[PDB]
Amino acid sequence: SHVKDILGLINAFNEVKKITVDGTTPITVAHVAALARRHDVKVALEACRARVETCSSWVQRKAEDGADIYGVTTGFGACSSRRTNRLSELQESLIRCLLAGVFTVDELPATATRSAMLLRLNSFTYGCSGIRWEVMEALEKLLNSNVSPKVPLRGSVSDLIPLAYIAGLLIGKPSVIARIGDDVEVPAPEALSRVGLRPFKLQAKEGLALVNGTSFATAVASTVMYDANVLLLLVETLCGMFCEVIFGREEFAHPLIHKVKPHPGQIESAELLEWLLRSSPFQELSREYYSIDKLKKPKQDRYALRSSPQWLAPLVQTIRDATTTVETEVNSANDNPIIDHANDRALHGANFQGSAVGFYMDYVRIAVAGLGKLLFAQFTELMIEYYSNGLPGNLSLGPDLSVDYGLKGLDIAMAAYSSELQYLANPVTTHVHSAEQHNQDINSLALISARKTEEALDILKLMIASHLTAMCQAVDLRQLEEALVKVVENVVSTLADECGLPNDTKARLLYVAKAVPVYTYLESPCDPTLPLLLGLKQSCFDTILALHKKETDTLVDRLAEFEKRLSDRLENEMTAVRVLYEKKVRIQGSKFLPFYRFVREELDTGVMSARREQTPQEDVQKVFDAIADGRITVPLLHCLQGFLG
Amino acid sequence: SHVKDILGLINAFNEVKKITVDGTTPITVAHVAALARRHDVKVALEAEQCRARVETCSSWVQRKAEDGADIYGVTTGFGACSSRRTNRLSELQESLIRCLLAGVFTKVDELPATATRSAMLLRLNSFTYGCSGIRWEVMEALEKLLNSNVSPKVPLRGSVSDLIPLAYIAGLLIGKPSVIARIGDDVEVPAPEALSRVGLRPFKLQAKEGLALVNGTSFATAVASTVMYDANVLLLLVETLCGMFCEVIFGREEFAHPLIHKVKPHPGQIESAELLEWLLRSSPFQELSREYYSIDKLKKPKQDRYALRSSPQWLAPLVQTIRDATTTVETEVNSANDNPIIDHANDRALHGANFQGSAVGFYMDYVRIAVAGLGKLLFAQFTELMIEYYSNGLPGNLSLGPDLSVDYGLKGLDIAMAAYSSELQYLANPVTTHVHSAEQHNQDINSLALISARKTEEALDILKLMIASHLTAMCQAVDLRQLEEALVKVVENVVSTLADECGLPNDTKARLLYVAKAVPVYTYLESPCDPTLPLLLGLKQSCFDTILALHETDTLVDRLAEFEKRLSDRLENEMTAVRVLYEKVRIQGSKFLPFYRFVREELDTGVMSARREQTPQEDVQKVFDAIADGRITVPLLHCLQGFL
Amino acid sequence: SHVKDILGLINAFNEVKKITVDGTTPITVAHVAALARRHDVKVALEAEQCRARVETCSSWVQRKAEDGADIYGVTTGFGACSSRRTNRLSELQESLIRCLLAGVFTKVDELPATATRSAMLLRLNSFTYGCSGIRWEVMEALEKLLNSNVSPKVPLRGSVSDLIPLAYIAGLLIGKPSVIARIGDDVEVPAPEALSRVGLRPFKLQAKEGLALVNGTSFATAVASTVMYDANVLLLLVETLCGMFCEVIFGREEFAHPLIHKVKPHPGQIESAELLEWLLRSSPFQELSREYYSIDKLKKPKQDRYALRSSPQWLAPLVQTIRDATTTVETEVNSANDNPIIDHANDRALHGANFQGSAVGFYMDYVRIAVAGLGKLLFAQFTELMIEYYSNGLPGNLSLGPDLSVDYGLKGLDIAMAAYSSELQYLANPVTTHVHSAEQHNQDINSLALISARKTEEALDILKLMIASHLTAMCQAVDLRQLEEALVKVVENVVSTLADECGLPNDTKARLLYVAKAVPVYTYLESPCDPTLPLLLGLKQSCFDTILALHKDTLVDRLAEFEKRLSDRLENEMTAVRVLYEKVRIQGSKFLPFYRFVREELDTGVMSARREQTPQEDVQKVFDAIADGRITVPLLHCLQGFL
């Protein structure tokens, strides 16, 4: 299952300490994300060296013999007609011309730049590039010392200009500003000195080798794909939590349904959902709910839950397939020419072309928009009393609803999130211009597309944060609801006794106490125009009619007393249970307990109301930060403990 | 290799006579497309395989409904209305069809018969899994209607994925007077009349039968199936033609070297390069390219432009998208897309959402982007071929001339290629991002698969247009390269012989013959002895050089002036003669000979010029039609025979 | 002319000292942009003009609420909750703010202070119309917060258009501890502390006040105002630089001829052509162009390519879109965007939807499309400029060289221009097509105007990058055209005097002087005496022609001497003039202010391997100048006297 694969990505991200770059060992997207986000993670360039040295001396030797090789003794791009013997000045002229971005401050963040540096280092280990081993060591050192150039955000059609700033750093160009950690910014020469390095003078092919790859697009795509995998599993898992709070029917995930429509992502998401909902205590409440007035209640759930495994199927498959493609690019010699030193040949091709990453970045952005729409639809159902099977509108606790609009702000924001997200998911690759003196008449735009997918994922994180917060609210409302109904039942039953009401009367009134959604009358339980009293008055007329001629005047006396005793005691009992619940059980047997505990206990939150001074912002920000920084994976892995061994 | 998978699809499309429908035998996209396009192809519904399953499920549903079991859409209202129960079993089903006959014929716009018959096939196949509760007899009628070429007229729009369009198939089956049915190509009659013409009687719907007939993804999956078959064929065609482009543009075949792609191993990159290396190995045109770059070596590009050199890298995601989508579409073809799913063995009506065409929907969006990427590659390749700065000797616009002021060659096709690519890029925006909360907010997510499939189909029509033009242009360039080779020899011969006749020194002779070799012939074909055009310019500078190098000089100047006069009355005539001869050979040794032979001989075309009366339209239409009806696959399979 | 209008906007942006907020005086996009960008610009809320009507409306709302009148969001719930009544007037309003403080600070991303302060201005302005029921004191507080540079930190997303983001301004006013306020550039404190520092106390919301504070289009319209100001300025800038493009590319100015555009009278087409006709009328560069096409006339294009020739036709809809959208945004700026509308003069509350930012949302989509169109125009021009086949004499990549093997000129910028245009085109897809049924399906149409304005803002950022690059390339090309002219004269002089020294006839001399004038100098600058390059090719061809012609020994001797003396004198003298140039026709050009601004004020020079400043260093200067408005000085100088 893809579930176990993603769990494997998360463990690797958590547990990796050194990244081995040797030209043989695969770097996964988890390794890239770990390098970028965990500074205790070090790069270990393991000598591979022999290959690199053979390669660079072959290039240098051939260049000096005046051999005809692109970008070595030849001009660049549309300029391969021009030959030259000025080997080092050719290379330097290329870097000078590519330092051409502008700071608008918008920039490629250090995380992406350091990732790009790792990726360039990795490409070099295959021994096709002709770069000196010493330049590779310098990259390892810069990576391990938190040194990276400030890089302008835009300019690549995929990554000459952005990679030129890495080259600029290595050759100590004064105009190239370099970060050292989070605050320090110094010119390249000073940056090199602070970590015990000297500026390089570019040898044959070295300028081109440094700039002629897909490192930036693939770096952004790697962290994009790591996040997409985590958030995907998070979304699939939360569909189960949605089912629990919405009073869904868990049969939507029954294996036979998906066996007969066997998209792998359909089978696997449902298999997960079946396992999460098996023996659910909330599914117990659900079944009990639909057994009461069965023929007045929906036979099927709405699409946002029932159709989730079918919806998720292409999204799972897109995210998993894109991960393979991105990792293939990570572990590739993206460079040109390809030096075949064993067969004494330089091969001319186009491994700098980031089209594999570009196209898959477009697809993933559409899939991410699809995940967002799923969340939007679930969230929407949850806010509307007509679709939430007992829950209050906007998940407002009240009881005074005139001054508690619950999660309405979060609801409005969810539409704003989803709308921008859908917009973002238009393709980037359909916008290819004929570029660079029409030499680059196809170009992938992979970095631009990866940037937009990253932005889409930022929005997805907001939507997940809001959704999980709303569901924790719904858990609290469902647990309070169960407790409130039991209180109403007890008060009604004990008062039926005190007033000496017949058994026919007692059973009719107790049915009303069980059947009526408590949130429809919580605001004012003894309001005669609200559903509890309406139902009781209806049953009281029905009991008078059924017991007539089988003492009417005394019955009415006792029914009037029942109402008056209810008026003096019911509200207080309902208030007391709610005040108790608010001071601080079904979730305890649910597979979603780790999520509820995490949000409530570890993040320090509570059921939302007018009595809780924390704003919706303050609650959701906490959840969002924990999703953004990876802490959310702890309750996730706890939740999935034991799934498929 | 995917190349072998696509060749397998093509062969299956040509060769299938009967499509077996039995609940176990998979239906491929080639099968669906063959049914739609070849009316000799018949459906075989197998009783032994699945009849028992179908009838067991049918009797289960009818019995449980009669005993008043609570099951969605059999004793229950539809969509947002599942709260309402009824025992009016047959009228519940009848009311659903009535409500769904709600499409509109605009202008007319309609789902074509090919799509409608494909959907009938797919709905029939869905029923074979025995989860639907439909009567075997209804399935037999579907088989008979399919084999008799009877299908309803269906409105284009109304589905969010396929209730409204499928209700028209249900309407035909129940003999609704308002539903019009086609019988073959010529007749259309009301549904009651169509049924009796093929010996069928109108069905009265039983429990679940209305819902079973409409609750599928049959139309989206029908359109997607033919979409995916075409995407596979056109992809292989596009890949293959990258080799032909290399041959005529004077590319360096080294771009396809296996080591380059071994170190960047996207499967589509490796596989497309493998194909290209094979196509270009020992090519006679690649020998010409080699000679070309050996003359004035250091003044010509060391590398080709991206439209060729970067083609395997570009093709990689496109290959993989098209192949993965084929798998996904075929999975949908071979699925019980219906609800509820009846588990008769365990006495359970399972409530889910297999009517949701999301797998098809999202993958249609991806394919349309990939098709757009294929179009962009063709556009960039076509553009290079039209511009003399980038075509390495070929005349601008591939204008034969000789008088270029009255021959603008393939300029019309060039402009059209931009128009095609532009619309295609626009079409490739996604449909799946436009989900509306639908049907009383019951359908708060919906696939839009049919709409997306339709747009991908439109994108493939434009791709066909682009392939047709591109192939046409490359045959033009083939004729121009072979004519170039002959013309150069003629000039070399005239210069060599006239150097002797005029008794020129061996220094002069060799220097003049190098000019005849080096100067691109199409730069002076218009007026070969025009003193301002490159041939005479090169001979003039060489004539000053030989005077300076050998400096009796008066006699040398006399011999050079006699050379100029003798050239000025003999050269043009000899060139005209060979050109006329050609208008009445390295392609003979090329893997792309089948394509050239097909376009020139079988389709009866020739080199384009002012002397050929046939218009670009007439030439490209022939090629388009051959792509559209599948005749293009013959030269393609011939071109590829022996590969792997 | 729209050109006068845009100049009026630029002048107003620079000249304004006080923004009068009084319920009658229009606020323009220039005024908003000025408040946002010039901290010395102050708000003046005028009591004399609107205080009276504000207090009448204030008193009306409060008394009706206390009387228990049934008025939306005053004695009723909000949005989908209008069926719920209350008499808890203040708590109703405070529950609305509590509920809308629901944004998240993502990585930090936020609506910037410029946008927030503009939104504060626009909200205050809304209130001056006297339909809102807000207290005068609250308006005074907004004025005071604006002039003291206090503004809340606002999350970027959450509005479908501007409840959530406006709730942070309301949160500041009522002293929410959770709301962080900026004071100037380097101070951030909780709202209660920020109110204290400016002498204000937290407000207690009265009837309707919460809703009044949040129920407008202030954020969408704030970002749209600065978007439109920028769009006007950058539009005029692009239009003007089409004239500079014509000059450097050797264009034919006939494309701007008044009759062409009279017979296809789109106002943007007429007006852009009129500007371009005037910019090029007495151009020294157009004289060079006329001379260029007179040499080998029948071997050179009769027409320019579309990027120049089709520019008025192309600019026409873009001019009109940006102008009309400006009108639309200002109508919104000067509107009572609020609900209910209190009609106190007729004793009634009016229930509508003036909070709907659809006018702005839709026009933001149109403008983003227009801005993409302006980008495509700049890309096409830049592309032509970099390609020798299409530049009419200029070197490829505008590489000075002379050694082209180690000077790739502006190739970096050329690649960047494709990236800029590519992303720009993608951005131009509409936002308004993505309307979700929102807020318990109460907001089943919503404008998404803030989201759209943000995307149009991002498009304009990219357009600024493209303009900076384009102008930098055109300045490069000015230098290259001027050097070209000075180089051709040296070659003509060297050929002429050496033909004299060597005693060559007048037939020979005239032929050789023709070659020197006709051959584009940049095709042989790398090595002028290389026998395989166009100068010596043309001279060798001419020398053979003069030998056959004058035929009836020493002539061959004198020509061999000419060719030898050429390889000794020519390169050194061409080098000399170039070296002098690195250490004129622009002086008569209307685009002198731009060239002077970029070269002198910004301190740049012709780009080459000898100039150590990187393209980044040069273009950043030009971009910074465009971004901060300094570019309008050269723009206004250039346009002086145009009427």
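Here is the naming used below: chain letters follow the sequence lines, and residue numbers restart at 1 for every chain. The basis for the numbers below is simple: all heavy atoms, side chains too, and nothing from hydrogens, waters or symmetry mates.
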Would you say the side-chain atoms of [X] and [Y] include a donor-acceptor pair closer than 3.5 Å?
X	Y	value
A/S280	A/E250	no
C/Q440	A/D411	no
A/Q300	B/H351	no
B/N337	B/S126	yes
A/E573	A/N490	no

Minimum-distance pair of heavy atoms, taken over all atoms of [X] and [Y]:
X	Y	result
B/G171	B/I97	N-CG2, 4.4 Å
B/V74	B/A65	CG2-CB, 4.2 Å
A/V516	A/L532	CG1-N, 4.1 Å
A/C239	A/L312	SG-CD1, 4.2 Å
A/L522	A/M574	CD1-CE, 3.9 Å
A/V512	A/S539	CG2-OG, 3.3 Å

Is [X] reaching over with its side chain to a backbone N or O of [Y], donor-acceptor style, under 3.5 angstrom?
X	Y	answer
B/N339	B/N354	no
A/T575	A/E571	yes
A/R306	A/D301	yes
B/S82	A/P298	no
A/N394	A/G406	no
B/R53	B/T128	yes
B/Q206	B/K204	yes
A/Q538	A/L534	yes
B/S447	B/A449	yes
A/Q283	A/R278	no

Close side-chain approach of [X] and [Y], heavy atoms under 4.5 Å:
X	Y	result
A/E268	A/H258	no
A/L276	A/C639	yes
A/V491	A/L566	yes
A/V475	A/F592	no
B/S161	B/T217	no
A/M608	A/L397	no
A/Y581	A/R578	no
B/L211	B/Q93	yes

Hey, what do you get for [atom1] ([X]) to [atom2] ([Y]), rounding to the nearest 0.5 Å?
X	Y	atom1	atom2	result
B/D70	B/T76	CG	OG1	4.5 Å
B/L166	B/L213	CG	CG	8.0 Å
B/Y129	B/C57	OH	SG	14.5 Å
B/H441	C/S437	NE2	OG	4.5 Å
A/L256	A/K261	CG	NZ	14.0 Å
A/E236	A/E271	CD	CD	11.0 Å

Parallel, tilted or perpendicular: ring planes of B/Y72 versus B/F78, cut at 30 and 60 degrees: perpendicular
Passing candidate, side-chain contact (heavy atoms from CB on, under 4.5 Å) with A/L395, options A/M383, A/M471, A/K408: A/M383
A/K591 to A/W275, cation-pi by 6.0 Å centre distance and 45° axis angle: yes
Worked check of side-chain contact (heavy atoms from CB on, under 4.5 Å) between B/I341 and B/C131: CA-CA 5 Å; B/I341 293 303; B/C131 301; 4.0 Å; yes
B/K208 with B/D338: basic N within carboxylate O range, under 4.0 Å: yes
NZ/NE/NH1/NH2 to OD/OE distance under 4.0 Å, A/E561 and A/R565: yes
If the condition is side-chain contact (heavy atoms from CB on, under 4.5 Å), which residues does [X] pass it with, not counting sequence neighbours?
X	value
A/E482	A/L285, A/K486, A/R586
B/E439	B/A80, B/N442, B/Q443
A/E523	A/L401, A/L530, C/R84

More than 12 heavy atoms of other groups within 6.0 Å of A/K297 NZ: yes
Residues, nucleotides or ligands: over 12 heavy atoms within 6.0 Å of A/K296 NZ: no
Stepwise side-chain contact (heavy atoms from CB on, under 4.5 Å) check, B/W60 with B/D347: CA-CA 8 Å; B/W60 191 92; B/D347 305 290; 2.9 Å; yes
side-chain hydrogen bond (donor to acceptor under 3.5 Å, both in side chains) contacts in which one or both residues fall within residues 503-516 of chain A, not counting sequence neighbours: A/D293-A/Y511, A/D497-A/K506, A/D504-A/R508, A/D504-A/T543, A/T505-A/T543
Residue pairs involving residues 378-387 of chain A (criterion side-chain hydrogen bond (donor to acceptor under 3.5 Å, both in side chains); sequence neighbours excluded): A/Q378-A/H467
For A/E481, all residues meeting salt bridge (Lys or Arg N to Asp or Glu O under 4.0 Å), sequence neighbours excluded: A/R478
side-chain contact (heavy atoms from CB on, under 4.5 Å) assessment of B/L89 paired with B/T75: CA-CA 6 Å; B/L89 305 177; B/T75 54; 3.8 Å; yes
side-chain contact (heavy atoms from CB on, under 4.5 Å) assessment of A/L509 paired with A/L501: CA-CA 10 Å; A/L509 296 183; A/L501 305 181; 3.9 Å; yes
ring-ring contact (aromatic ring centres under 6.0 Å, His included), paired with A/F247, selected from A/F242, A/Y290, A/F282, A/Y289: A/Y289
